[PDB]
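Some notes on the structure that comes next.
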Amino acid sequence: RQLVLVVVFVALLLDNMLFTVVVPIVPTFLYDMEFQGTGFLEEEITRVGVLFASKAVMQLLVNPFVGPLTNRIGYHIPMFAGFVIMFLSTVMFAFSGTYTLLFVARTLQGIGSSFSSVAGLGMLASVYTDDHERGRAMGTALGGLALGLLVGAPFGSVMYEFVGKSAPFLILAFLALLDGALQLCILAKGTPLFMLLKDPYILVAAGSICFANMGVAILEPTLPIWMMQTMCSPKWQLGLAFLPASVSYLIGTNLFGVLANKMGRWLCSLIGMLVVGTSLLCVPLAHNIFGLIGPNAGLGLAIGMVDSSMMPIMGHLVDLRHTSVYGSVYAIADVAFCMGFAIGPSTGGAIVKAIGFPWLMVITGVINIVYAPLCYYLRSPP
Amino acid sequence: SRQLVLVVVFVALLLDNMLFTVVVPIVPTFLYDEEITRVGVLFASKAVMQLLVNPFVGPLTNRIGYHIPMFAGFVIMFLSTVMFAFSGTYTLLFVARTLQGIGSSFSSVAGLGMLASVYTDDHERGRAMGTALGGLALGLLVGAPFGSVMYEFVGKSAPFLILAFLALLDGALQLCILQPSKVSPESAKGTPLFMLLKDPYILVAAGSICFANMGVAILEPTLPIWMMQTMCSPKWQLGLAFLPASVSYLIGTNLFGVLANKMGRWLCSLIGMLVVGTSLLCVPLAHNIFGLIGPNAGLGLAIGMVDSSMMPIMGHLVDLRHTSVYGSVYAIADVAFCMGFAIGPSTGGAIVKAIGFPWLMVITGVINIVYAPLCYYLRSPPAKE
Ligand SMILES: COC(=O)[C@H]1[C@H]2C[C@@H]3c4[nH]c5cc(OC)ccc5c4CCN3C[C@H]2C[C@@H](OC(=O)c2cc(OC)c(OC)c(OC)c2)[C@@H]1OC
Ligand SMILES: NCCc1ccc(O)c(O)c1
C-alpha cells in the first residue's frame with residue numbers, strides 16, 4: 001500500500017513541476033531565438049496565452065471521458081498512460097525548436113495530466129479501505145502537489161542560463177522513468193458533477209475559487225514578459241520572483257486551516273478575496289524585482305486563505321444536501337482551476353494586446369472585490 | 001506660531017462636538033417629563049442645516065480670512081449653550097440646535113482651512129489634521145457620560161453652564177492668539193466651487209468620506225431599537241455598546257495620521273473601506289452585547305483610516321492642480337460629513353420598518369465595498385499645465 005502512495009505522489013509532483021517549469025522558460029526561449037534587450041513580445045503575448053491555456057482546454061475536454069473508461073478496463077491501464085504521455089511531452093519539450101511542437105507538448109501534457117490525476121487517485125481510493133488512512137493518503141498527495149508547486153519554479157529558472165536549455169526537461173524525464181518502474185511492480189454513485197453545479201451555493205463557491213485562482217492564472221504567462229520589458233532583471237531571476245507565491249500560499253493554508261473554523265469560513269474567504277484584489281492592484285506598481293516580494297506573497301497567502309476556507313464549505317454543502325463520494329470535492333474544485341486556467345491565459349493575451357498590462361490587474365482586482373460580498377450567501381445554507 | 005494655531009482648533013472642535021453628544025441622553029429624557037420621530041428630527045436639525053450654510057461659508061472665507069468665521073462660530077456656540085441651559089420647551093430646543101449647527105459649520109470650515117494654510121508640507125500636514133480628528137474623537141467620546149452624570153447629580157442646567165464657561169475660556173484663548181479684529185482678504189483668487197465638482201478626484205474623495213460616514217451614522221440611531229427587539233438588554237448597556245466605536249476611532253485616527261504618509265493614502269482609504277464594509281456586514285449577526293465589541297472597534301478604526309487618509313488629500317489635489325485656496329474643498333468635505341450625519345437619523349426608523357435593519361446594513365456594507373476600488377484613482381492625479 002505504500003508503493004501506490006509513492007507512485008501517486010511522484011506522478012502529481014512531476015505534473016506540478018512540469019507545469020511550473022514551463023513558465024520561466026517559454027518567454028526567454030522565444031526571446032532568444034528571434035534575436036536588457038529589445039521589446040517585441042507584445043505581439044506574441046496572445047499566442048503565449050493560447051499555448052498556456054491549451055492544457056486547461058484539453059483537460060476540460062478529456063475530463064468526462066476518463067470517468068467510465070476506468071470502470072471498463074480497471075485503473076492500472078489508464079494510470080500507465082499518464083506516465084508514458086508525460087514522457088512523450090517532456091521529451092518533446094526538451095527537443096522542441098518551433099512554436100508548433102510546444103503546442104503539441106502542451107496538449108499532450110494536459111491529456112496525460114488528466115489521465116494520471118483520475119487514475120492515481122482512483123487507485124489510492126481502491127487500495128485503502130480502512131476509512132481512516134484514506135484521508136492521510138489524500139493529505140500526503142496534496143502535500144506532494146504543494147511541494148511540486150514550490151520546487152518547480154526555481155528549477156527551470158536556475159538551470160536555464162547555467163546548464164543549458166534542454167537540461168531541466170531531461171531530469172524530469174528521468175524522474176518520470178523512475179516513476180514508471182515503481183508502478184510497474186504493482187500487484188455508491190455520487191450525484192454527478194453535471195447536476196452538482198445546479199444549486200447556487202456550490203456554484204458560488206466554485207466561482208469564488210476560480211476568481212481567486214485567476215490572478216495567478218493571468219500572472220503566469222504575462223509577468224516574465226513585463227519583467228524583461230521593464231525591470232531588466234536577468235534570465236535567472238524570473239522563476240526566482242515566484243517563490244513568495246508558493247511559500248506564502250503554504251504558510252497561509254496551514255495557518256488558516258488551523259484557525260478559520262473559529263472565526264468563520266465565509267469571513268476567511270471574504271478577506272482572502274479582498275487581499276487578492278489588493279495584491280493584484282499593488283503588483284503593477286513595482287519598479288524592481290524586490291517590489292514583487294510583498295504583493296506576490298500577499299496574493300499567495302490570500303489564495304491559501306480562500307482555498308482553506310472554501311474547500312470545507314464545499315464538502316459540507318455536498319454532504320448536507322446531496323450524496324458525497326470520496327473525491328466529490330475534487331471534481332468541482334478541479335473544474336474551477338481548469339476553467340480559470342482556460343479563460344485566463346486566452347483572454348489575457350487579447351487584453352494586454354488591446355490595452356496596457358496594469359489594466360488587466362486592475363480589472364481582476366475590481367472583479368475579485370465585487371465578487372467578495374457574494375460570500376454572505378454561504379453562511380448557514382439551508 | 002504654527003503650533004498654537006493647532007491648539008485653538010483642537011479646543012474648538014473639542015467643545016463644539018462636546019455639545020453634540022451631551023444633548024443625546026438629556027434631551028429625550030426631559031421631554032417625557034410618534035414621539036420617536038419628533039425626538040429624532042430634533043437631533044437631525046443641526047445636521048440638516050449645516051449642509052446649507054456650508055456653500056455660503058467656503059467662498060466667504062476668501063474675502064474675510066479664517067479668524068472671523070471661527071470667532072463667529074464661538075459666539076454662536078456660546079449662545080447655543082446658554083439657550084440650552086435655560087430653555088425647557090420643544091420649540092426653544094430647536095433654534096438652539098440651529099445655532100449649534102451653524103457654529104459647527106463655521107468652526108469646522110475655518111479650522112480646517114487655517115490648518116491647511118499654515119501647514120504647507122504634505123507629510124507635516126498629514127499629522128495636524130490627524131490630531132484635530134483625534135480631538136474631535138475625544139470630544140465625541142467624553143460628551144455623553146459627562147452630560148449623563150451632570151444631569152444625574154447636579155441638574156440639567158449645570159453641564160451647559162460648564163460648557164459655556166469652557167467656551168468663554170476658548171474665546172479668551174482665541175482672542176489671545178488668533179487676534180480676530182480685522183478683515184484680511186486672501187491674495188490668491190480661489191477657484192469657484194462649481195468647478196471643483198467637475199473633476200473626478202475631488203468627487204471620489206468626497207464620496208469616500210460620505211460613504212464611510214453613512215456607514216457609521218446609520219448604525220447609531222438604529223442600533224438600540226434592534227438591541228431592545230432581539231437582544232433584550234438593559235437600558236444602561238445601550239450607551240456602553242458604542243463606546244468601543246469611539247475609542248477605536250480615536251486610536252485609529254491618532255495612529256494613521258502618522259502612518260498615512262509612510263504607507264500610502266489610497267491604500268489606507270481602500271483598507272478602511274473594506275474594514276468598514278466587513279464590520280457592517282458582521283454587525284447584525286451578534287446574539288449578545290459582547291459580540292458587538294469587535295465589529296464596532298473595526299468600524300471605528302475604518303472611519304479613522306478613511307478620515308485621516310482623505311483629509312490631507314483634498315488640499316494635496318487642490319495644490320496639485322488648482323489655486324492654493326483650501327476653504328472650498330474642506331467645505332465640500334464638511335458637507336459630506338453633515339449630509340451623512342443628517343440622512344441617517346431622520347430616516348433610520350423608516351428604513352428599518354420598510355426593509356429591515358440587517359438588509360440596510362448589508363446594502364451599506366456592499367456600497368462601501370464596491371466603492372473601495374474607486375480609491376485607486378487617487379494614486380497619482382496628473383498636475384496642471
Ligand atoms: C500549478 O498547479 C496547480 O494548479 C496548483 C496550484 C495553483 C495555484 C498556483 N500556481 C502557481 C504557479 C507559480 O509559478 C509561476 C507560483 C504560484 C502558483 C500558485 C499559487 C496558488 N495556487 C494553488 C495551487 C493548488 C493546487 O491544488 C491543490 O493543492 C488542491 C488542494 C485541495 O485541498 C487541499 C484539493 O481538494 C482535495 C484539490 O483538489 C481539487 C487540489 C493546484 O493544482 C494541483
Ligand atoms: N466622522 C465621524 C465618525 C464617527 C465615529 C464614531 C462615532 O460615534 C460617531 O458618532 C462618528
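In the C-alpha cells, the first chain shown is A, the next is B, and so on; residue numbers restart at 1 for each chain, and ligands run from 1 in the order shown.
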request  = Find the spatial neighbours of residue 342 in chain B, counting only C-alpha atoms, within a cut-off of 10 Å - ignore same-chain residues fewer than 4 positions away - and output them as a PyMOL selection string.
outcome  = chain B and resi 41+43-51+214+217-218+336-338+346-347
Just-selected residues, N, CA and C atoms written as a short mmCIF file (atom, residue, chain, number, x, y, z; two decimals), in the first residue's frame:
data_model
loop_
_atom_site.label_atom_id
_atom_site.label_comp_id
_atom_site.auth_asym_id
_atom_site.auth_seq_id
_atom_site.Cartn_x
_atom_site.Cartn_y
_atom_site.Cartn_z
N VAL B 41 -36.12 63.97 14.77
CA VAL B 41 -35.91 65.13 13.92
C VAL B 41 -35.22 66.25 14.70
N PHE B 43 -32.72 65.82 16.78
CA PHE B 43 -31.29 65.55 16.70
C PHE B 43 -30.73 65.88 15.33
N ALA B 44 -31.52 65.71 14.27
CA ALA B 44 -31.04 65.91 12.91
C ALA B 44 -31.15 67.35 12.44
N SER B 45 -31.61 68.27 13.29
CA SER B 45 -31.74 69.66 12.89
C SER B 45 -30.38 70.29 12.60
N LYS B 46 -29.39 70.01 13.45
CA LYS B 46 -28.05 70.56 13.24
C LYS B 46 -27.42 70.02 11.96
N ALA B 47 -27.60 68.73 11.70
CA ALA B 47 -27.01 68.14 10.50
C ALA B 47 -27.69 68.62 9.23
N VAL B 48 -28.99 68.92 9.30
CA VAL B 48 -29.74 69.28 8.10
C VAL B 48 -29.32 70.64 7.58
N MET B 49 -29.11 71.61 8.48
CA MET B 49 -28.89 72.99 8.08
C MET B 49 -27.43 73.37 7.93
N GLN B 50 -26.51 72.67 8.61
CA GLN B 50 -25.09 72.92 8.40
C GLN B 50 -24.66 72.56 6.98
N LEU B 51 -25.39 71.65 6.33
CA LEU B 51 -25.21 71.42 4.90
C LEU B 51 -25.49 72.69 4.11
N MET B 214 -21.84 57.65 6.23
CA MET B 214 -23.13 56.96 6.22
C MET B 214 -23.04 55.63 6.95
N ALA B 217 -22.92 56.49 10.63
CA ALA B 217 -24.00 57.28 11.21
C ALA B 217 -25.34 56.56 11.17
N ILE B 218 -25.56 55.68 10.19
CA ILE B 218 -26.84 54.97 10.13
C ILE B 218 -26.98 54.01 11.31
N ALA B 336 -20.08 66.67 3.05
CA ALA B 336 -20.21 65.22 3.03
C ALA B 336 -20.44 64.66 4.43
N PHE B 337 -19.65 65.15 5.40
CA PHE B 337 -19.81 64.79 6.81
C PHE B 337 -21.24 65.04 7.30
N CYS B 338 -21.73 66.25 7.08
CA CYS B 338 -23.01 66.64 7.65
C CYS B 338 -24.17 65.98 6.93
N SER B 346 -32.85 60.79 10.56
CA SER B 346 -34.21 61.17 10.21
C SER B 346 -34.96 60.04 9.51
N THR B 347 -34.25 59.14 8.85
CA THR B 347 -34.87 58.09 8.05
C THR B 347 -34.52 56.68 8.51
#
request  = Would you return as a PyMOL selection string the members of range 183-316 of chain A that DSSP assigns to alpha helix (DSSP H) on this structure's backbone?
outcome  = chain A and resi 183-184+193-196+200-226+243-263+265-282+293-316
Could I get the residues of chain B with an atom no further than 9 Å from an atom of ligand 2, each paired with its nearest atom pair and that distance in Å to one decimal, using only C-alpha atoms and all ligand atoms, sorted by chain and residue number, as a Markdown table?
| residue | atom | partner | partner_atom_place_in_ligand_line | distance |
| --- | --- | --- | --- | --- |
| B:21 | CA | ligand 2 | 10 (O) | 8.3 |
| B:133 | CA | ligand 2 | 1 (N) | 8.4 |
| B:136 | CA | ligand 2 | 2 (C) | 8.3 |
| B:137 | CA | ligand 2 | 5 (C) | 7.0 |
| B:140 | CA | ligand 2 | 8 (O) | 6.7 |
| B:141 | CA | ligand 2 | 8 (O) | 7.4 |
| B:209 | CA | ligand 2 | 1 (N) | 8.2 |
| B:212 | CA | ligand 2 | 3 (C) | 8.1 |
| B:213 | CA | ligand 2 | 1 (N) | 5.7 |
| B:216 | CA | ligand 2 | 4 (C) | 6.1 |
| B:217 | CA | ligand 2 | 10 (O) | 6.2 |
| B:220 | CA | ligand 2 | 10 (O) | 7.2 |
| B:242 | CA | ligand 2 | 8 (O) | 6.6 |
| B:243 | CA | ligand 2 | 8 (O) | 7.6 |
| B:244 | CA | ligand 2 | 8 (O) | 8.8 |
| B:245 | CA | ligand 2 | 6 (C) | 5.6 |
| B:246 | CA | ligand 2 | 6 (C) | 4.7 |
| B:247 | CA | ligand 2 | 6 (C) | 8.3 |
| B:248 | CA | ligand 2 | 6 (C) | 8.4 |
| B:249 | CA | ligand 2 | 5 (C) | 5.9 |
| B:250 | CA | ligand 2 | 5 (C) | 8.4 |
| B:299 | CA | ligand 2 | 5 (C) | 8.3 |
| B:300 | CA | ligand 2 | 5 (C) | 5.7 |
| B:301 | CA | ligand 2 | 5 (C) | 8.8 |
| B:303 | CA | ligand 2 | 3 (C) | 6.0 |
| B:304 | CA | ligand 2 | 3 (C) | 7.3 |
| B:307 | CA | ligand 2 | 1 (N) | 7.1 |
| B:337 | CA | ligand 2 | 1 (N) | 6.3 |
| B:338 | CA | ligand 2 | 1 (N) | 8.8 |
| B:340 | CA | ligand 2 | 1 (N) | 9.0 |
| B:341 | CA | ligand 2 | 2 (C) | 8.2 |
request  = Output the contact residues of chain A with respect to chain B at a cut-off of 9 Å, based on only C-alpha atoms, as an MDAnalysis selection string.
outcome  = chainID A and resid 267 270:271 274 277:278 281 362 365:366 369:370 372:373 376
message = Around ligand 1, which protein and nucleic acid residues have at least one atom no more than 6 Å from it, if we count only C-alpha atoms and all ligand atoms? List them as JSON, numbers by chain.
response = {"A": [16, 19, 20, 142, 145, 146, 149, 153, 216, 220, 242, 245, 246, 300, 303, 330, 333, 334]}
ask   = Expressed in Å to a single decimal, how great is the separation between CA of residue 157 in chain B and CA of residue 82 in chain B?
value =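 Separation between CA of residue 157 in chain B and CA of residue 82 in chain B: 9.0 Å.
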query = Out of A:8, A:186, A:13, A:25, which residue has the shortest atom-to-atom distance to residue 224 in chain A when counting only C-alpha atoms?
reply =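 The closest residue to residue 224 in chain A is A:25.
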Interatomic distance (Å, one decimal) between CA of residue 61 in chain A and CA of residue 148 in chain A =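 It comes out at 24.7 Å.
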inquiry  = Just want the 10 Å neighbourhood of residue 4 in chain A, counted on only C-alpha atoms, with same-chain residues fewer than 4 positions away dropped. Output as a list in words.
reply    =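 Near neighbours after the sequence-gap exclusion: residues 8, 9, 10, 120, 121, 123, 124, 127, 182, 183, 185, 186 and 187 of chain A.
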With N, CA, C and O atoms retained, could you export that selection as a tab-separated table (two decimals), in the first residue's frame?
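The resulting out_23.tsv:
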chain	number	residue	atom	x	y	z
A	8	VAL	N	1.81	7.68	-6.76
A	8	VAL	CA	0.85	8.77	-6.95
A	8	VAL	C	1.48	10.10	-6.57
A	8	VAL	O	1.29	11.11	-7.28
A	9	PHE	N	2.22	10.13	-5.47
A	9	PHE	CA	2.93	11.34	-5.06
A	9	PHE	C	3.94	11.77	-6.11
A	9	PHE	O	4.04	12.95	-6.45
A	10	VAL	N	4.68	10.81	-6.68
A	10	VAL	CA	5.68	11.13	-7.69
A	10	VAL	C	5.02	11.65	-8.96
A	10	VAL	O	5.52	12.58	-9.59
A	120	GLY	N	-4.50	7.73	-10.68
A	120	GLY	CA	-3.76	7.55	-9.44
A	120	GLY	C	-4.63	7.74	-8.21
A	120	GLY	O	-4.53	6.98	-7.24
A	121	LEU	N	-5.51	8.75	-8.23
A	121	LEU	CA	-6.42	8.95	-7.12
A	121	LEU	C	-7.42	7.81	-7.01
A	121	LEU	O	-7.76	7.39	-5.89
A	123	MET	N	-6.80	4.69	-7.87
A	123	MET	CA	-6.03	3.58	-7.32
A	123	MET	C	-5.80	3.76	-5.82
A	123	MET	O	-5.86	2.79	-5.06
A	124	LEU	N	-5.53	4.99	-5.39
A	124	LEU	CA	-5.38	5.27	-3.96
A	124	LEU	C	-6.66	4.98	-3.20
A	124	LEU	O	-6.63	4.41	-2.11
A	127	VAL	N	-7.12	1.15	-3.02
A	127	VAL	CA	-6.15	0.41	-2.22
A	127	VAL	C	-6.51	0.47	-0.74
A	127	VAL	O	-6.46	-0.54	-0.03
A	182	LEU	N	8.51	2.09	-10.76
A	182	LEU	CA	7.93	1.86	-9.44
A	182	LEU	C	6.51	1.32	-9.55
A	182	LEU	O	6.15	0.35	-8.87
A	183	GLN	N	5.69	1.93	-10.41
A	183	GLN	CA	4.31	1.48	-10.57
A	183	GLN	C	4.22	0.20	-11.38
A	183	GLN	O	3.19	-0.49	-11.30
A	185	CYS	N	5.96	-2.55	-10.96
A	185	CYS	CA	5.99	-3.66	-10.00
A	185	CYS	C	4.88	-3.45	-8.96
A	185	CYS	O	5.11	-3.22	-7.78
A	186	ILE	N	3.64	-3.53	-9.45
A	186	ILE	CA	2.45	-3.31	-8.64
A	186	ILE	C	1.51	-4.49	-8.86
A	186	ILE	O	1.24	-4.87	-10.00
A	187	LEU	N	1.00	-5.05	-7.76
A	187	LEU	CA	0.08	-6.18	-7.80
A	187	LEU	C	0.72	-7.40	-8.45
A	187	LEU	O	1.94	-7.56	-8.42
